[PDB]
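Have a look at the structure below, then the notes.
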Protein chains: 2
Amino acid sequence: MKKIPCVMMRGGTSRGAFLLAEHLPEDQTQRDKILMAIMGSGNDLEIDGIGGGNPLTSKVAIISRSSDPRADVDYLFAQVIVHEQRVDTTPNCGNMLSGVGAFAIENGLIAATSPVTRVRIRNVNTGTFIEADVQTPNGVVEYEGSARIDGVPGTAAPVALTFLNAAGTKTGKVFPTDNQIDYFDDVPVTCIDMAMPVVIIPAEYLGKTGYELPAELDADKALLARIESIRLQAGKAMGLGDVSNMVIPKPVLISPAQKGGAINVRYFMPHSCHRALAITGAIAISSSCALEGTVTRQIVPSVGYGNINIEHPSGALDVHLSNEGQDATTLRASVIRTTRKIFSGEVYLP
Amino acid sequence: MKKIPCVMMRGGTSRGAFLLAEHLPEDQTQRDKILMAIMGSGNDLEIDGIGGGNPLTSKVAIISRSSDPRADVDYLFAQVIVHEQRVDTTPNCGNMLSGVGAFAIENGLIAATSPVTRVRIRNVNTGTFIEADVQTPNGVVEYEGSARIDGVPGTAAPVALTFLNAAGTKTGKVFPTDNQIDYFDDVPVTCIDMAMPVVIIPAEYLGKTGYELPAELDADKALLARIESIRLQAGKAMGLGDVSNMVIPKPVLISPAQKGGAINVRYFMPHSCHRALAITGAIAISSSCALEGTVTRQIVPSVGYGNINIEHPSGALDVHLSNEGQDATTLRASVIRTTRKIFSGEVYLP
């Protein structure tokens, strides 16, 4: 293959290639080689591709009509490594998800309504179903707007992303250990599975304020050891086992908010500190703020339901919670993002 | 309670009250008493209520915002018995389902789009999820149209009903016996669980043409005995047991179509012959026409995917099938119905 139709979009705080699955081979090895060639994997600047030389700008979304009768379109995410020729398809990138709905409408994968078009998205990586609400005045995708998000200059049209089956994405229970609060190494933590299995740890119980820079937290090797002792222990307790080379659970250091939000967090990828915050992690953290009996209730003031602002090293993120039922299994989370179509045309492969 | 807001609607070939769950008590006994008083249960003509004295015109739909994050509205169906004061909430009435989406839009349970509004419906009776596509030009529900269905004079606006999780509604497998064809009493049958657990039996193997009137089939007590022998045997084989007092599986006698359709059926409920055909039964039968290896392939010509016309004692019903996957678990079925709002106001209780 020497050329392929391609669309570059900014999805939230990320950017990358949006492709139709029609235009890719079924063989996983050949498909991954094409993705590396599109983004320019293997060079620090990705000088020979369309990638920006940074993980945030070296992503791929593969879109198609859904194989599942409950969804409209299928969404497969791929992380194209920058420094080396590798492809990773493990996580669900919530920011690239912001572009899926608009891309599906512009490419005729679903009929548009007015003034908004609902798009049912199934993330192939995780099996998670997300509804996207796209601004479509007169049936035409609108990118201009007055919505604003951290990390992106200016304003764009808002896209609403509502997670439909976040409860027990990897376990099947909101609290896999059957306890709202557990104890590991004399540290009160909370094990919760909402869009992402995480173990919530108060930063102060590990001798940290929780406001340190991600680089400073990565340098404290004694802290990273104390975090791993809890992560390995929490994973086994959450119905998993020997998570030593799995990327779950995600340890999250929490502390009170400093800029008026509900909570401040430090998200670990497992082993390094996230420079911002994963959307799935934001779902899990905001959920613990609303559910009764979690360790979060001992750290930050009660929030109830509504807008829950999560602070992270590089800004803040609003998560809207809602629950029409009684159990935590019906807790519904939504996030506002923005997206923009940047480049539409043909990408050529070396 | 002496009065309650109420809306009478025709849903497909049925008619009854559409109520908001807000206006009913939580106690099941008091709620059922109110439903009987609305319909006039206990009189052959339902002379003291709004019911028509016939099961088709003595139904209730209780609508509310969904407790499930995957749906927009919840739909609870109730059958109000005519000749005695009883309420039955077992089945999922697909015809009354035709009115749920338009009722939810008119009562502000979901915002309207244009020219169509998608409504995600969860049937509380069965846990089945259905999408309704309502004609809403300029955001206003439209009941006028050119669509036509058997049993209802004139034409009205079409409403599309797409079943989202019909596979294994009671079992969890499309073929609970792990066989496309089973044998009971030397009769080749097919056990399938699609929107409804049914056992598909060729009419000719029981000495019947399959075109007899429902009354003639009910009079043949020797036939009803042979059908029960296969039903009790099929229920135990499909992972159930002693279905002697259960209403599932529903046995279906099949024979070739006579008026140009794909197949002719006699739907047993499970003892008496249905005068028409249940929508859920239509999903199951049409599915067996498309799935390879079923006993239906030995009775009627192949149909493939698309429009599958099912003939029944009082007309025919079109089922649209579709599958973007490989397995029978991703088989998607949709049906066109019509609905109309008849009476909006207040109902008074004796």
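Residues are referred to by chain and number: the chain letter is A, B, ... according to the order shown in the structure tokens, the number counts from 1 in that chain, and ligands are numbered separately from 1 in the order shown.
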Open item on the list: What's around residue A:35 at 9 Å? Count only C-alpha atoms, leave out sequence neighbours fewer than 6 positions away in its own chain, and write the answer as number ranges by chain.
Closed with: A: 17, 41, 60, 78, 80, 87
Open item on the list: Would you mind listing, as a ChimeraX atom specification, all residues of chain A that have at least one atom within 6 Å of chain B, where only C-alpha atoms are what counts?
Closed with: /A:67-70,113-114,164,324-325,330,332
Task: Surrounding residues of residue A:51 excluding itself and chain neighbours under 6 positions, 7 Å, only C-alpha atoms, as a VMD selection string - done: chain A and resid 16 39 to 40 57 to 58
Please write the residues from the selection above to a file, keeping C-alpha atoms, as a PDB file, in the first residue's frame.
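Final file, part-v4.pdb:
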ATOM      1  CA  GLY A  16      -4.246  12.136  15.009  1.00  0.00           C
ATOM      2  CA  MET A  39       2.182   8.911  11.645  1.00  0.00           C
ATOM      3  CA  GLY A  40       5.928   8.661  10.998  1.00  0.00           C
ATOM      4  CA  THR A  57      -0.317  14.003  18.486  1.00  0.00           C
ATOM      5  CA  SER A  58       0.526  10.438  17.404  1.00  0.00           C
TER       6      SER A  58
END
TODO: Could you please write out, as a ChimeraX atom specification, every residue of stretch 15-49 of chain A that DSSP assigns to strand (DSSP E or B)?
DONE: /A:15-20
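Neighbours of residue A:253 closer than or equal to 8 Å, with only C-alpha atoms counted and sequence neighbours fewer than 4 positions away skipped, come out as residues 200, 201, 202, 203, 210, 265, 266 and 267 of chain A.
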- [ ] For atom CA of residue B:176 and atom CA of residue B:208, determine how far apart the two atoms are, in Å to one decimal place.
- [x] 27.0 Å
Task: Within 10 Å of residue B:350 using only C-alpha atoms, minus same-chain residues under 4 positions, as number ranges by chain - done: B: 1-3, 34, 37-38, 40, 48-49
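Across the structure, atom CA of residue A:126 and atom CA of residue A:82 are spaced 23.2 Å apart.
In this comparison, which uses only C-alpha atoms, the residue of A:12, A:238, A:44, A:347 approaching residue A:172 most closely is A:238.
Taking the backbone of this structure through DSSP, the residues of stretch 241-335 of chain A that come out as helix (DSSP H, G or I) are residues 243, 244, 245, 279, 280, 281, 282, 283, 284, 285, 286, 287, 288, 289, 290, 295, 296, 297, 298, 328, 329 and 330 of chain A.
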If you keep N, CA, C and O atoms, can you produce a file of those selected residues as a short mmCIF file (atom, residue, chain, number, x, y, z; two decimals), in the first residue's frame?
data_model
loop_
_atom_site.label_atom_id
_atom_site.label_comp_id
_atom_site.auth_asym_id
_atom_site.auth_seq_id
_atom_site.Cartn_x
_atom_site.Cartn_y
_atom_site.Cartn_z
N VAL A 243 -0.58 -8.43 38.89
CA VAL A 243 -0.77 -7.32 37.96
C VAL A 243 0.59 -6.70 37.65
O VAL A 243 0.67 -5.58 37.13
N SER A 244 1.66 -7.45 37.94
CA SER A 244 3.01 -6.90 37.90
C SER A 244 3.38 -6.39 36.51
O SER A 244 4.20 -5.47 36.39
N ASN A 245 2.81 -6.96 35.45
CA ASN A 245 3.05 -6.48 34.10
C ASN A 245 1.77 -6.10 33.37
O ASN A 245 1.80 -5.88 32.15
N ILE A 279 -9.63 10.35 30.69
CA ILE A 279 -11.08 10.52 30.83
C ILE A 279 -11.68 9.38 31.64
O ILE A 279 -12.51 9.60 32.53
N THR A 280 -11.26 8.14 31.37
CA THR A 280 -11.76 7.01 32.14
C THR A 280 -11.40 7.15 33.61
O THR A 280 -12.23 6.89 34.49
N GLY A 281 -10.16 7.56 33.90
CA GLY A 281 -9.79 7.82 35.28
C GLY A 281 -10.64 8.90 35.92
O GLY A 281 -11.00 8.81 37.09
N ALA A 282 -10.98 9.94 35.15
CA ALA A 282 -11.85 10.99 35.67
C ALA A 282 -13.23 10.44 36.00
O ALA A 282 -13.86 10.88 36.98
N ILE A 283 -13.72 9.49 35.21
CA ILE A 283 -15.01 8.86 35.51
C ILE A 283 -14.93 8.13 36.85
O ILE A 283 -15.82 8.25 37.70
N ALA A 284 -13.86 7.36 37.05
CA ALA A 284 -13.71 6.60 38.28
C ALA A 284 -13.58 7.51 39.49
O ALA A 284 -14.23 7.28 40.52
N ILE A 285 -12.75 8.55 39.39
CA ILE A 285 -12.51 9.44 40.52
C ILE A 285 -13.79 10.20 40.88
O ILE A 285 -14.16 10.29 42.05
N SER A 286 -14.46 10.76 39.87
CA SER A 286 -15.68 11.51 40.14
C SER A 286 -16.75 10.60 40.74
O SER A 286 -17.52 11.03 41.61
N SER A 287 -16.80 9.34 40.30
CA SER A 287 -17.77 8.40 40.85
C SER A 287 -17.55 8.17 42.34
O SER A 287 -18.50 8.16 43.12
N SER A 288 -16.29 7.98 42.75
CA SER A 288 -16.01 7.78 44.17
C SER A 288 -16.40 8.99 44.99
O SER A 288 -16.76 8.85 46.17
N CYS A 289 -16.35 10.19 44.41
CA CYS A 289 -16.82 11.38 45.12
C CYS A 289 -18.31 11.32 45.40
O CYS A 289 -18.78 11.90 46.39
N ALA A 290 -19.08 10.63 44.56
CA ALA A 290 -20.53 10.61 44.70
C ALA A 290 -21.03 9.40 45.47
O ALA A 290 -22.07 9.48 46.13
N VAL A 295 -13.13 6.22 50.37
CA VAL A 295 -12.08 6.97 51.05
C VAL A 295 -12.06 8.42 50.61
O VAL A 295 -11.50 9.28 51.31
N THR A 296 -12.66 8.73 49.46
CA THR A 296 -12.73 10.11 48.99
C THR A 296 -13.53 10.98 49.95
O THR A 296 -13.23 12.17 50.10
N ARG A 297 -14.53 10.41 50.62
CA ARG A 297 -15.33 11.17 51.57
C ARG A 297 -14.53 11.62 52.79
O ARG A 297 -14.97 12.53 53.50
N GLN A 298 -13.38 11.00 53.05
CA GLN A 298 -12.51 11.40 54.15
C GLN A 298 -11.47 12.43 53.74
O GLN A 298 -10.69 12.88 54.59
N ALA A 328 -25.07 1.79 42.49
CA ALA A 328 -23.96 2.42 41.78
C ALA A 328 -23.80 1.89 40.36
O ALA A 328 -23.02 2.47 39.59
N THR A 329 -24.50 0.82 40.01
CA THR A 329 -24.40 0.26 38.66
C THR A 329 -25.13 1.12 37.63
O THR A 329 -24.87 0.96 36.43
N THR A 330 -26.02 2.00 38.06
CA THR A 330 -26.74 2.88 37.16
C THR A 330 -26.17 4.29 37.14
O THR A 330 -26.77 5.18 36.52
#
Open item on the list: Could you check the closest approach to residue A:214 for each of A:271, A:250, A:236, A:259 and tell me which residue wins, using only C-alpha atoms?
Closed with: A:271
- [ ] Find the spatial neighbours of residue A:336, counting only C-alpha atoms, within a cut-off of 7 Å - ignore same-chain residues fewer than 2 positions away - and output them as a ChimeraX atom specification.
- [x] /A:158-161,334
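Interatomic distance, atom CA of residue A:185 to atom CA of residue A:198: 17.1 Å.
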For residue A:105: contacts at 9 Å, only C-alpha atoms, fewer than 3 positions along chain excluded, given as a short mmCIF file (atom, residue, chain, number, x, y, z; two decimals) with C-alpha atoms, in the first residue's frame:
data_model
loop_
_atom_site.label_atom_id
_atom_site.label_comp_id
_atom_site.auth_asym_id
_atom_site.auth_seq_id
_atom_site.Cartn_x
_atom_site.Cartn_y
_atom_site.Cartn_z
CA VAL A 100 -15.62 9.87 16.28
CA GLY A 101 -19.19 11.17 16.07
CA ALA A 102 -18.44 14.07 13.72
CA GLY A 108 -22.05 8.80 5.88
CA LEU A 109 -21.84 6.13 8.58
CA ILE A 110 -25.01 7.54 10.18
CA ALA A 111 -27.75 9.94 9.14
CA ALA A 112 -27.68 13.42 10.67
CA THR A 117 -27.20 14.12 16.13
CA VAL A 119 -24.10 8.75 17.77
CA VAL A 140 -24.42 19.65 9.02
CA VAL A 141 -21.59 19.02 11.48
#
